[PDB]
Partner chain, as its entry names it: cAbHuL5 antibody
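Have a look below at one chain only, the form deposited without the partner chain, in structure tokens format.
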């Protein structure tokens, strides 16, 4: 599913993402926008290290979910990567929370540093009622 901006903002808010570990909703929206264009089915194979990024947050298989085909990979979110390809983003949100509980926080995603860090991200939640 490819979410519309405001519907995603509220969906994320209902799931407890607003201010989770100090991360605003606007930051999560900026992340999802740049990672997948708000697409839960988004996928990207990294031929360099044989891993794959899954879903709306493009979570990587090497450390976060199990796809059975990434060498020496672990599964920190304890989920099949398939769970990150559902229209319902609850499991993806649970995993994204797991990622940010680590030292780096939202910085785990390089795309967040590239396109959201020290940026005016207000526009992502404006008019959404969140």
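Positions refer to the first chain, counted from 1.
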Averaging C-alpha B-factors over each stretch, which comes out higher, 68 to 76 or 83 to 91?
68 to 76
Averaging the C-alpha B factors as listed in the entry, name the stretch that ends up higher: 119 to 127 or 1 to 9.
119 to 127
Highest recorded Cα temperature factor - choice among 44, 27, 40, 60:
44
For the chain shown, is the CA B-factor of residue 111 in the lowest, middle or highest third of its modelled residues?
middle
What third of the chain, by the recorded C-alpha B-factor, contains residue 98?
lowest
